[PDB]
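Written out below as structure tokens is the structure these notes cover.
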Ligand SMILES: *[C@@H]1O[C@H](CO)[C@@H](O[C@@H]2O[C@H](CO)[C@@H](O)[C@H](O)[C@H]2NC(C)=O)[C@H](O)[C@H]1NC(C)=O
Ligand SMILES: *[C@@H]1O[C@H](CO)[C@@H](O)[C@H](O)[C@H]1NC(C)=O
Ligand SMILES: *[C@@H]1O[C@H](CO)[C@@H](O)[C@H](O)[C@H]1NC(C)=O
Ligand SMILES: *[C@@H]1O[C@H](CO)[C@@H](O)[C@H](O)[C@H]1NC(C)=O
Ligand SMILES: *[C@@H]1O[C@H](CO)[C@@H](O)[C@H](O)[C@H]1NC(C)=O
Ligand SMILES: *[C@@H]1O[C@H](CO)[C@@H](O)[C@H](O)[C@H]1NC(C)=O
Ligand SMILES: *[C@@H]1O[C@H](CO)[C@@H](O)[C@H](O)[C@H]1NC(C)=O
């Protein structure tokens with residue numbers, strides 16, 4: 001399984017940015033998918049995740065209220081939308097897959113990551 | 001479910017008359033069908049019924065020997081044939097449906113009734 | 001056969017009961033159904049399974065059966081309730097056959 | 001000792017059906033889905049009789065062969081019936097242009113009027 | 001949501017997917033970034049012959 | 001008068017298939033090359049499976065039970081007799097009629113098709129017409145035969161499952177107030193009159209009251 | 001049901017169990033609660049996703065088909081074209097409906 005993300009973005013403060021992740025194989029997946037971000041000179045940071053079939057979404061308490069994760073299953077794509085872009089939101093973004101259908105602490109396959117700049 | 005019967009009849013004594021009932025929906029039914037008649041100034045009177053799949057027929061003791069009930073299932077039609085038409089056989093005739101596959105006392109859907117005159 | 005009073009009459013807003021009596025072969029060992037018939041229309045099932053109603057039958061119609069005799073009851077009587085009421089049961093001994101009652105003609109004044 | 005047993009139904013039928021794991025197999029009830037009988041005549045459709053050419057073909061009928069003069073009275077039909085080896089079409093040798101296209105055109109005509117274009 | 005089976009109809013279920021598409025936008029659009037050729041009042045004969 | 005006309009003769013039939021002639025005019029069934037297409041609605045006839053009940057631990061059927069498909073045979077001090085379970089038979093009848101209606105509905109298309117003619121210099125078009133006709137006929141024959149063969153398998157397993165479920169439903173009601181003799185029968189430790197027998201076939205058997213005499 | 005469990009000797013479902021398809025409800029001196037079985041749900045999800053993917057994969061063919069034109073003396077070819085189109089459409093409609101109806105069971 002390989003995960004590919006959309007291109008890098010440069011956006012002004014106060015706007016909204018939407019990125020997408022595409023997975024190889026059959027369009028319908030049997031594993032959950034999470035979004036992670038890393039700012040320069042810092043460790044990774046979990047944002048949220050989405051669960052197959054049930055369609056339930058989980059978010060971190062800090063990103064709650066301004067992050068929306070959606071899935072389009074007949075094309076195999078997962079979208080993440082972030083709003084009220086402040087200056088600190090410039091970072092690298094990854095989509096990662098889990099071992100099973102539940103969102104947990106073990107992610108075995110990662111993407112390549114794409115950059116978002118807010119100047 | 002709606003039940004529709006054939007047109008009215010005027011026949012001579014000693015002849016035989018055959019009427020039909022047609023039910024809406026799928027051609028094959030999971031309920032039983034009975035035939036009832038009412039003479040002017042009298043109450044209803046059960047004649048006989050037919051059971052689906054098993055195809056068994058029941059008749060009243062007074063009408064036994066001269067009433068034949070048949071079914072054609074790929075068109076959804078039920079026929080009743082009465083012979084040795086005497087003068088008293090002029091009445092209104094109904095086809096009624098039962099709640100289940102068995103012939104019992106409870107008929108929930110009735111037709112409109114058609115007249116047979118024997119003069 | 002089943003026997004009913006030939007005719008019962010009552011005022012609008014009254015409650016009236018119709019009795020259906022026979023033997024232990026028809027009502028003493030089987031359920032009872034009640035039908036209503038208006039002039040120029042097919043009979044309408046009011047009560048089945050001795051005290052139960054189908055969808056569309058108002059609360060004011062009720063039924064019960066004690067021993068050999070079965071009673072129908074109409075409360076909040078209206079002008080549109082003037083009709084013929086029949087009791088029916090599944091007589092089953094020599095050769096089972098549906099038996100209707102003699103009929104009861106209800107009149108409103 | 002008092003006893004109760006559970007069981008199922010049987011009769012004297014001799015009908016058999018085919019199964020992917022077994023052949024023949026006698027069963028209690030079944031239906032037939034295939035029709036294999038006809039009456040052997042040409043009969044009326046929707047109350048209208050067909051047009052029978054007899055010894056004439058489409059060419060002899062439409063050109064006015066002297067031996068088909070009895071077909072001029074019939075001007076409406078439900079379908080057209082022709083014999084396998086008709087004997088009179090064009091009595092004078094020659095070539096008929098676009099004959100099969102004319103048959104295709106005439107196969108969707110229900111009635112016509114024969115009138116004298118040039119007296 | 002309800003789904004039909006061979007032995008029963010309707011039947012409410014907990015989860016399902018839809019396989020049929022029934023909507024369009026009602027316009028003529030570009031395919032692979034190129035616009036179509038619209039003839040308007042002309043036919044192929046008038047277009048290829050050079051109708052005035 | 002008729003509803004369908006073929007070059008051989010006319011037809012009244014409401015059946016979904018025929019094998020008389022491919023050329024028809026009117027309202028007609030579909031043409032196939034088959035010689036037999038019969039659909040089972042009942043059970044295996046044993047007047048002497050995936051679930052092991054029919055022709056399994058219950059060895060044969062009853063010709064004395066005539067009012068249904070599954071039921072009971074009882075015996076106590078007042079006598080014996082057969083009876084049928086109405087709810088199980090009703091559910092099975094619902095399912096089977098739905099299946100047959102669905103099969104009938106899925107096989108309705110257009111009709112009134114007649115052949116064409118060609119001249120001596122049009123043999124390629126004639127061959128193409130013949131190829132199209134033959135291909136469609138082959139496909140529809142395959143579809144019909146496969147559908148009938150595959151549904152006949154599922155009907156019998158459905159009946160077997162119904163019998164097994166009824167047996168287990170009765171078994172889990174009596175618990176340890178009765179002995180299981182392994183052939184579909186139960187022997188009561190206490191005395192069971194006609195009312196207790198009726199309650200067993202009712203679904204409302206009282207286990208605390210009859211706790212083994 | 002063929003196996004007699006759902007709407008059988010287990011009469012209804014649980015709206016309090018939200019993290020899976022099958023599970024347990026327990027009760028002891030320290031309290032009660034719901035929980036889900038992860039292995040059973042995982043196996044069922046594997047099977048169902050495989051089924052849907054197979055159905056999607058088996059129904060992919062060619063596309064970009066447009067109609068033809070004929071003149072007044074070419075009615076037989078027009079009728080043959082129409083017959084071919086109608087036959088293929090009927091067959092594929094039958095296939096899709098039958099497949100969905102049979103897998104839902
Ligand atoms: C075969 O079917 C046709 C039509 O389905 C039957 O034609 C009808 O015959 C009756 C005679 O009792 C006429 O009153 C109807 O008008 C006819 N139908 C039409 C549409 O006109 C025909 O009788 C059937 N053949 C047999 C032997 O029963
Ligand atoms: C089975 O026996 C009954 C009762 O005599 C009879 O009516 C029926 O014809 C028999 N079945 C066959 C197929 O002959
Ligand atoms: C089916 O069974 C009958 C007797 O039950 C037998 O005569 C017949 O040969 C069998 N069918 C075939 C194809 O052998
Ligand atoms: C029709 O053609 C056949 C074939 O020769 C002939 O025997 C018959 O007499 C013809 N019919 C009439 C009415 O002449
Ligand atoms: C399906 O169920 C709904 C309510 O649950 C009902 O309104 C509807 O009529 C049902 N479908 C059909 C075809 O009757
Ligand atoms: C095309 O035809 C319509 C209908 O007559 C006409 O109104 C329209 O003006 C024509 N197009 C142009 C470009 O003139
Ligand atoms: C059978 O059940 C019905 C309702 O469930 C009840 O009214 C009746 O008394 C029961 N019969 C016996 C013999 O327990």
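Please treat every number below as a calculation from the coordinates, not as lab data. Cβ atoms come from the backbone with ideal geometry, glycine included; neighbour counts cover every protein chain shown.
Below are the figures for this structure:
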{"quantity": "Residue check, residue A:59 closer than 30 Å to residue G:48 by Cβ, within 13 Å of the chain's Cα centre (by Cα) and surrounded by 15 or more Cβ atoms within 10 Å (Cβ to Cβ)", "calculated": "yes"}
{"quantity": "Pick from the range F:40-61, criterion facing another protein chain (nearest Cβ under 7 Å) and touching a helix residue (DSSP H, G or I) at 6+ places or on another chain (Cβ under 6 Å), ranking: surrounded by the fewest Cβ atoms within 10 Å (Cβ to Cβ)", "calculated": "F:41"}
{"quantity": "Flag if residue F:136 is over 22 Å from the mean Cα position of the chain (by Cα), away from ligand 7 (no atom under 15 Å from the Cβ) and assigned to a strand (DSSP E or B)", "calculated": "no"}
{"quantity": "Those residues of the range D:30-84 which are at the interface with chain F (Cβ under 10 Å from one of its Cβ atoms) and more than 20 Å from residue F:26 (Cα to Cα), in sequence order", "calculated": "D:30, D:31, D:32, D:58, D:84"}
{"quantity": "Residue ID - farthest from residue C:49 (Cα to Cα), chosen from residues in the range B:104-119 that are at the interface with chain C (Cβ under 10 Å from one of its Cβ atoms) and in a strand (DSSP E or B)", "calculated": "B:110"}
{"quantity": "Unmet criterion (only one of (1) within 16 Å of ligand 1 (Cβ to nearest atom); (2) touching a strand residue (DSSP E or B) at 6+ places or on another chain (Cβ under 7 Å)) for residue D:40", "calculated": "(2)"}
{"quantity": "Condition met for residue D:113 (away from chain F (no Cβ under 14 Å) and touching a helix residue (DSSP H, G or I) at 6+ places or on another chain (Cβ under 8 Å))", "calculated": "no"}
{"quantity": "Condition met for residue D:18 (within 7 Å of another protein chain (Cβ to nearest Cβ), within 32 Å of the chain's Cα centre (by Cα), away from ligand 4 (no atom under 16 Å from the Cβ) and surrounded by fewer than 16 Cβ atoms within 10 Å (Cβ to Cβ))", "calculated": "no"}
{"quantity": "Verdict on residue D:2 being within 14 Å of chain F (Cβ to nearest Cβ), surrounded by 14 or more Cβ atoms within 10 Å (Cβ to Cβ) and either within 16 Å of ligand 2 (Cβ to nearest atom) or within 30 Å of residue F:107 (Cα to Cα) (or both)", "calculated": "no"}
{"quantity": "Some residue of the range G:62-77 being surrounded by 13 or more Cβ atoms within 10 Å (Cβ to Cβ), out of contact with any helix residue (DSSP H, G or I) (no Cβ under 6 Å at 6 or more places or on another chain), within 14 Å of chain A (Cβ to nearest Cβ) and not in a loop (DSSP other than H, G, I, E, B)", "calculated": "no"}
{"quantity": "Residue match in the range F:150-168 (condition: within 16 Å of ligand 7 (Cβ to nearest atom), over 23 Å from residue D:17 (Cβ atoms) and at the interface with chain D (Cβ under 9 Å from one of its Cβ atoms))", "calculated": "no"}
{"quantity": "Considering residues of the range D:64-80 that are buried (at least 16 other Cβ atoms within 10 Å of the Cβ) and over 23 Å from the mean Cα position of the chain (by Cα) only, the residue farthest from ligand 7 (Cβ to nearest atom)", "calculated": "D:65"}
{"quantity": "Out of D:11, D:24, sole residue that is under 30 Å from residue F:200 (Cα atoms) and part of a loop (DSSP other than H, G, I, E, B)", "calculated": "D:11"}
{"quantity": "Residue, nearest to the other protein chains (Cβ to nearest Cβ), within the range F:174-213, restricted to residues that are in a helix (DSSP H, G or I) and either more than 26 Å from residue F:54 (Cα to Cα) or within 16 Å of ligand 3 (Cβ to nearest atom) (or both)", "calculated": "F:196"}
{"quantity": "Output for the range C:52-75, where each listed residue is within 13 Å of chain B (Cβ to nearest Cβ) and in a loop (DSSP other than H, G, I, E, B)", "calculated": "C:53, C:54, C:55, C:56, C:57"}
{"quantity": "Conditions (1) more than 8 Å from every other protein chain (Cβ to nearest Cβ); (2) under 30 Å from residue F:143 (Cβ atoms): number failed by residue G:23", "calculated": "(2)"}
{"quantity": "Whichever residue in the range D:21-54 is surrounded by fewer than 16 Cβ atoms within 10 Å (Cβ to Cβ) and closer than 24 Å to residue B:27 by Cβ and, among such residues, is nearest to ligand 3 (Cβ to nearest atom)", "calculated": "D:32"}
{"quantity": "Near pairs, Cβ below 6 angstrom, 6+ apart or cross-chain, from the range G:45-56 (within 15 Å of residue G:102 (Cα to Cα)) to any residue that is surrounded by 14 or more Cβ atoms within 10 Å (Cβ to Cβ)", "calculated": "G:52/A:28"}
{"quantity": "Count of residues meeting criterion [surrounded by fewer than 20 Cβ atoms within 10 Å (Cβ to Cβ), away from ligand 1 (no atom under 16 Å from the Cβ) and assigned to a strand (DSSP E or B)] in the range F:7-29", "calculated": "0"}
{"quantity": "So residue B:22, is it more than 14 Å from chain F (Cβ to nearest Cβ), within 27 Å of residue C:34 (Cα to Cα) and surrounded by fewer than 19 Cβ atoms within 10 Å (Cβ to Cβ)", "calculated": "no"}
{"quantity": "Hits in the range A:82-100 (condition: closer than 30 Å to residue G:46 by Cα and either surrounded by 14 or more Cβ atoms within 10 Å (Cβ to Cβ) or in contact with a helix residue (DSSP H, G or I) (Cβ under 8 Å, 6 or more places away or on another chain) (or both))", "calculated": "A:93, A:94, A:95, A:96, A:97, A:98, A:100"}
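Let's see how each residue does on (1) within 14 Å of chain B (Cβ to nearest Cβ); (2) under 20 Å from residue C:24 (Cβ atoms); (3) part of a strand (DSSP E or B):
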| position | (1), (2), (3) |
| --- | --- |
| C:42 | yes, no, no |
| C:47 | yes, no, yes |
| C:77 | no, no, no |
| C:86 | yes, no, yes |
| C:95 | yes, yes, no |
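Quick grid of which residues meet (1) part of a loop (DSSP other than H, G, I, E, B); (2) touching a helix residue (DSSP H, G or I) at 6+ places or on another chain (Cβ under 9 Å); (3) within 16 Å of ligand 1 (Cβ to nearest atom):
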position	(1), (2), (3)
D:69	no, no, no
D:86	yes, yes, no
D:90	yes, yes, no
D:93	yes, no, no
